[PDB]
Every structure is written in C-alpha cells, then in structure tokens.
Amino acid sequence: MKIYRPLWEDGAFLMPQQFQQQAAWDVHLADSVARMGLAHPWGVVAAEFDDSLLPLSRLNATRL
Amino acid sequence: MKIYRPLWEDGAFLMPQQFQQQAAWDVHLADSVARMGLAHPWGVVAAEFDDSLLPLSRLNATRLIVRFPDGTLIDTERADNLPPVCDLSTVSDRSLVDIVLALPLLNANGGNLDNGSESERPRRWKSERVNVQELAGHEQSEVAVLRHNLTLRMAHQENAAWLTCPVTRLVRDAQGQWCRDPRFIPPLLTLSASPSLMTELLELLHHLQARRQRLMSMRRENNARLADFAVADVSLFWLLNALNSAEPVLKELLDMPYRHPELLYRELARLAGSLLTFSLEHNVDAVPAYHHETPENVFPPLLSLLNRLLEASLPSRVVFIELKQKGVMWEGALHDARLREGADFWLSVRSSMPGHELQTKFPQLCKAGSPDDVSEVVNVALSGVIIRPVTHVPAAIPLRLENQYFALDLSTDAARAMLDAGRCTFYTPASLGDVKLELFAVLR
Amino acid sequence: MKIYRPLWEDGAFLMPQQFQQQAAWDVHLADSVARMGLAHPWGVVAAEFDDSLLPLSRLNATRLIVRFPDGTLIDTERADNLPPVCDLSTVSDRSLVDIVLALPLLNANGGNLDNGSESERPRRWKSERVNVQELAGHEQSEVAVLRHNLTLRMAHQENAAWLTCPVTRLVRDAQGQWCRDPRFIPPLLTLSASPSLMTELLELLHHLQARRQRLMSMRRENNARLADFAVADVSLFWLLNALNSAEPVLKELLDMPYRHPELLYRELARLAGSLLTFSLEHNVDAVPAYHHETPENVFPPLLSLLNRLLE
Amino acid sequence: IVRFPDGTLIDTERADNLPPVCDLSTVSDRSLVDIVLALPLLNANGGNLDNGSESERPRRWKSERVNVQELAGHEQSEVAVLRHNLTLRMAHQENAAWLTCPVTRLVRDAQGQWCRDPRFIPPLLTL
C-alpha cells in the first residue's frame, strides 16, 4: 500500500499524512519481528458469548 | 452539632468561622433534601481496582466515588484523593480478607492538621498548594486547597475512630495467589457498580421474555375467543396478567444506571408477590427483607426465588407414572386419593407389531391385575374388568401413539381398594420385549 | 422577588450585600431540586411539647423542627432557639385553640428587627453573639450568629401578616383543664411526627397479615382447591392475588422512619381500588382525594374504608 | 539495564541517574543486606515531580533539560526530556515503592569489609 516515511527538518511542516504513515510503519514492524507468529498466521486469544439471548434468537458478544 | 449560620450587615470583621459554618450548612440542607423520599443513607457509586498488580501482591486504586453516610462526597476524578498502596505481605491468614475504606471523625475541638505533632487521635483534613486559574481570563496564583486523609484498612483490625464503608473482598487461589470474588456486593447508590448484579438482572429479564411468547403460542393453539369453562384459561390469563405488566416497567429501570436500588426492589417484591398464589409451599415469607446496610443475600435469594417461580405448570392434567419392576408384572406407585372423583384409565403401551393382531397377542386383554395383592395375571385375575381395545381415541391425550391403546374398566369395589392401595400391574408376561408402558388417569 | 448572582471579578472590592444574595440562591436550588416530587407546600418533621406546666396554664416547646414553604428550615437542635412561652389566660373561657407556628414575611425594603423600637412591622432575624471557633485550635473571638424570630399565635392567629403551620390543638377536659388531643395532624414530611399514625398503621398491617393467613389455610390444605372452578374459589384466588401483590410493599414502607406520605398514599390507593370491586354495591367516590394543605381529613377515612373491606 | 513486570525499559546509559546509598551499618548483620532497584507505582491522575509536595504516594517521572540535535544541520539547541526516578532501597524497609528486583547481596568479611558474594543470581533475561 506504499507505506511512506516522513522527513522532519527545519522547514518541514505539519500534515495529517505526516502522522498517519508513521503510525502505520510501526504497525508493519510488528509482523517483521515475528518469525513464529508469521509461521502460523494471526490468532485468537479470547472470545466469550452469551446464551440467554438465544431463545429470543438474538446473539451478543462480551469479550473479543 | 451547633451549626451557626452567620449574618453580614456592616462593620463585621472577616473571620473564618463564617465561611466554615456556611459551607457546612449548605451540605446539611442538601442532605435534608435527599432524605425526604428515599430514606436511604449514602453508599458506593463506583469502585474500580487494578488486577495486574494482584499476584505480585500490592493493591492500587483507580476510581473511588464513595459516599459516606454523614453527607460527605468523596470523588477522585475531581478532588485528587487516592489512598496510598495497600500492603498484603502482613497477612499470612489465607482464608480471606476484606478491604474497607475509612475516614476519621473527631472534630468537636478540632479535627485539624499540624504535621509536626504526633498523637493517637487521627485527623481528617490535609492541605496542598496548587495553581488554580481564575475563570475570568487572567493569570493564576497559588492557593491552599483541602485534601481528605483517606486510607485503606482491613475489617479484622480495630476500626473504632474511623467511619467506614466496605469496598472489596480478596480470597486465596490454587497456585497461592490473591484474587477477587465476583460474589460480594457493596451497599450501592447505583446499579452501575458491581456489574455481576447487572448481569443477573438482565438474564432475569431475558428469561422473562422467553416465557411470554410460549404462552401466547398456547393461546394461539386453542383460539379462546370464547368461554373455555375450565381452569386452564383462567390460569393462562392470570399468568399473562402477571407478566404483561412487569416488562414495561422493568425495562426502563435496567436501561439506565444511577437509579437507587429501592426503586427496583419494590418492583421485584410486587412481582414476586403476585406470582406466588399457588406454586411453592413458601408463604410471602420467602420474599426477603431489605437490608441496605450490607446486602448480603437480599438480591440473590430473591432472584433464586423468581427463577423457580417462573416454571408454573397449568393443571388440567393426567398422571405419567413409569411402572418399574424386575419381574414381568411391571408396577408403579403413589395413587392420589383425590382421583376417585373422576378417575378414568387410558393407560398405554408401545409395542413391535406390524398389524392389529397384537389384540390377540395381548392375550390377557381382560381382567388384568389391579389391587395390591395380585402377583401374576396369568393366575390371579379379577372378576369385573374389561379391557377395551382402543384404536380410535378421544382427544386431549398428549404425546399420543395410536394403535397402542386400551382403557381399563373395573368394579366399584376393586377400583376403590386399588386407589387405597396405590399400586397396579400389567398383564403380559412376554412384555419384556420392545414394549414400553405409561400410566394414565384423566379427571372426568 | 429579584434574586441576583454575584460575579467575583478580580478588583471588585467587597460588599455585605453580595454574600446575602449568594446565600439566598442555593436555597432556591434546593426547591428546584425538591419540586420534582411534590404536589403541595410543606410541613412538620417533629414537634414535642411539655404538658406538665398546664395546671398553671401556660405552654412551652421542647423540640421543634419544621420546614416552611419558601425553603426555610427551622432547627432548634442546631441552628435556632426555642420560641417563647405562650400565655393562654385571655382565652381562659373557650374550648378550642388551634396553635400555629409563625415567622413574619420578608419585604424588599427593610430587614431585621432593630431592638423592637419600630415594632409596627414584625420582622425576623434577631441577632446573637456566641464565640465558637475551634476547627483549627482556638476558640476565642466572637461572631454574630443569626437567630430567627418565632412566636405562637392561637385564637386570632388568622390576623397573620405571617406564615403559619399548625402544630397542636387543645380542648377543655371535664375538669376544666386543657390537654393535648390525640387527633388529626397538620401536615407531615415524615411518618414519625404522629405516634397516633404509628399506632394505627401497625394495627392495620397486623390485621392484614392474619386475614391472608386465614385465606392460605383454606386452600393450601386441599390440593384440588388450588385449581378448582368454584365461584367462591375464583374470587378467593383473585383475592389472594390482590393481597399478596400488595403486602410486601407496605411491609417495607411501614418498617421505616421518615418518608414523605404521598408515596404511602399511592400504595394504599391501589389496595383500596383493587378491593373496592369485590364485595360491594357502593360508588367509586368512596376513595378520598388527597388534600395536603389541609390538616388531613383524608388519612383516617381511608383507613376506615380499608378496615371494613377486610371483614 | 533492566526491565520491569509492566514492560518499562530502564537504561542507565540513556534516560539515566542514580543516587548512592548513604549508610550500610544501619543493619548490624551481613547475610541480610541486599540491595534492590525501585521505580514507584503509577498514579492514575497526577504525574511527575516538580516541587516539594511530598505525598504518601511518590512520583516516578521528572523533568530535565539537555542539548539535542540530530537533524539536517549542525546546530544544537535545548529541549526538555523525560527521565525516570530510581533509588536503591533495601529489601526489608517497605514496599509502597516497586522494588520486586534484587540486584546484589552484600556480605562482610570479618575485618569489616563488605563485599559481594558470587552465589547470588537475579532473575535473568540473558545469560
């Protein structure tokens, strides 16, 4: 998606894309530091549901 | 306690007691406003602790909006009052411990602060120096605001001079750690603290709304646009009358927080009264008293009572007693002596015959052993019992299996003696095959 | 009137007229809070008298807490002094005096009552000088506490440029002596300032429980009767519904101190309007309407209606 | 260079300071003396330490001013950075601070000479 990286010098000035790409870059490093969490893909650590809403044929989440 | 509100006309030298007694009197007036309708003291609004610090034992606090009974408002988002960190190495008593918030009292001759003087009598005021901004555009400056001397103590100590309110409970866990029970409830000015109560009460309303549609379905099954001449429709209309009122009141309370719990307690008490005309052997004593000092089991037994009262069968019915016996003469028990008003036997089987020649392959289809002193049917039969072979069946017989049926006529004597006896048996000795029995008596 | 908020600007000097305008605003906030649960203006928290000095005919108070309809609270235990003794000798030969408590009105031109030298206008806020200072370590110097100006007015109390709230009612006994009558009580912010009510309502509730117990003894003992179609059994089923639905609310409210009585009225009206349609031939107009501004000829005929229906 | 059970990297090369230990003979025994590192608990409303407003809850942040340049150019200026608050308490004083991490174990020799024994092991991220 062409994740750019901004340049801050004495004449550089403020934009929203200054901060959005720098936000995305350290998200992208979190996959590059996984050499087993890339072996198996991304996972699920907690998922808990409610059963009392089922006789009404509804469904609602609690923790995800 | 000799509250003296002063007057200002002219020439009065300024003096701190005017301001102090004015500020106390405003608190007292605002307390007496609240004590008109509710008759409840103060309580807990929110109390949130930290869980990642538990197995390395410490105890840190985050939000403590606790309301003390004498009118005092403790607020941590708006007055910077966090008590210091509670040690837990001083307790090897691994049963359970109870953390309670405290605040001292004794201000008839000065509840004050002088930091260079030490005493056995605690003090409830402290002072800090911050920079509060003027709210008219200028610069700020350095004033002295007050800060309460709150602290965290344990219930099994001595707590005479303080003014307490319990906040949480700790237990010991399997690896030797500390953890929090989800089962304690503090005294509450709001339902929004202690969310286990909110979970239970919402599940109560979902168990409520499940039942209404099944009863509207049972109303749709018969289409009573008329008179049924039975106890079934008056029990049905009664239970729908009990349900259709509670829902459009109990919904609005449990949508929003910050109601006082008494508004909910009156509604649950009225509903648990109206559902208790016939079902349990409990009287209205089962509706428990209200104990807002410490609500140890005012809500959980009330909820456990409601969940058992919401089954509530509708009695124009018929016995289903499973005849259990080692021998070929299967036999049950427990005949109601009420039943001799309109007793009417339509007992059943379920066999393995590809036709209606199980008529003759029920070879004892006459004079089956009714009373207590029958042993087999192939030697001890009655005199005055006719088994009618039933394949065309009168209605209202639930879970019906046709081409498996029979009625049981008797005398006036041996039937009454069997109803005194309570026991009765079946005729076929080869009935141990794919033959399953059911007992039956409808009220004429 | 015209109540004004002050602005605490930097460089705004000081005036005594500021603090009065501030302190007559939070009282108005208290009414704006409290009038989300009130029909009609207020009454008595508690009132206790000393009838021992009656053969020397006089009357004096002991403990008196009454809220007034403008938001003024009276406290003899913490803030105010007791009203002076009443002299009944000019009404020595009549039968009934109805005694109200009085504070004068407030107008926007005067103020306190300067030593009674100009006493054609009755004025409140009598001053006093008590020295109490000790919330930091010393007691010495002297402040001007404010006290109100309370009297008692009994027989031509209807000539009032005053605010009235009745407290007690005297009758001639057969030995010519006045005594306090145990009768109807001018209005209540509690159920504690009327021991006659706390004697009657406990009898009401204890009378209610026994009839329900009698009804349960009729039907729980026989298992056919729990779902029978007898024309009295249907009425008895619906009657146990009407009693079991309305017992625990009243049992909660009557195991309790102070609580405003409109709430109790809304719970007794449901029981009366339920049981009214069960064994009668009389009009729905037997239900009394609620008059709080009166001294309550509502609350005894209501209970006289309810005590007839339960037997 | 340590870490902490909430995930807070401490270096004493960048973001550094440490005050020494004043006395040691306040304990009159050798086998009980052991030193720990302490970084005070998180106050969820307040924050750093800017004056002498000593509370019952300590702070863990500070401020400082140092000379920083990295950019396109050669000029250094001054900007205010954020430095932690560390101290070396002992094992048996209190625990309203953090400690939870020993670093050494001081014992004496018989001639009045405190010296570290080799048989001590902290909890280890690395060998």
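What follows is calculated from the coordinates using simple rules that are stated; it is not laboratory data. Neighbour counts are summed over all protein chains in view; Cβ atoms, including those assigned to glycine, are modelled from backbone coordinates with ideal geometry.
Summary table below
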item	result
Part-to-part distance (alpha-carbon centres) for segment D:97-127 and segment B:88-117, which is given in Å	36
Summed side-chain charge close to B:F237 - residues other than B:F237 whose Cβ falls under 12 Å, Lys, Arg +1, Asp, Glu -1	-1
Chain A, dipole about Cα centre (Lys/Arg Cβ +1, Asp/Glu Cβ -1), debye to the nearest 20	180
Selected from C:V234, C:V97, C:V66 as most flexible by GNM, with chain C as the system and alpha-carbon contacts under 10 Å	C:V234
Estimated distance in nm for a label pair at A:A12 and D:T100, the labels positioned 7 Å out from Cα along Cα-to-Cβ	3.7
For C:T168, distant residues with modelled amide H under 5 Å away	C:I99
Relative contact order (%) - criterion: Cα under 8 Å, at least six apart; region: chain B	11
Under 29 Å between alpha carbons - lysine pairs in the protein assembly as shown that sit 8 or more apart or on different chains	13
Neighbouring partner chain Cβ atoms per residue of B:35-45, average, 10 Å criterion	4
Gap separating the Cα centres of segment B:37-80 and segment C:237-306, nearest whole Å	40
For chain B, built as a Gaussian network whose Cα springs stay under 10 Å, the top-fluctuating residue of B:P389, B:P288, B:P300	B:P389
Shielding by partners, peptide C:235-247 (average Cβ within 10 angstrom, other chains)	4
Shielding by partners - mean other protein chain Cβ count within 10 Å, residues of C:139-146	5
222 nm mean residue ellipticity, helices alone, for chain C (DSSP H n ≥ 4; -39,500 (n - 2.57); rounded to 500)	-9000 deg cm²/dmol
q = 0.05, 0.09 Å⁻¹: log10 I(q)/I(0) that the Debye formula gives for the protein assembly as shown, counting C-alpha atoms only	-0.57, -1.21
Tensor-based shape of chain D (alpha-carbon gyration tensor, a/c under 1.5 rounded, otherwise prolate or oblate)	prolate
Listed residues B:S383, B:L280, B:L189: farthest to the positive end of the dipole of chain B (Cβ charges)	B:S383
Segment B:127-214: GluC sites (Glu not before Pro) in DSSP coil with no more than 12 other Cβ atoms inside 10 Å	B:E134, B:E139, B:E158
Listed residues B:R317, B:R388, B:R211, most fluctuating in chain B (Gaussian network, C-alpha, under 10 Å)	B:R388
Three-way shape call for segment B:330-429 based on the alpha-carbon gyration tensor, with the a/c threshold at 1.5	oblate
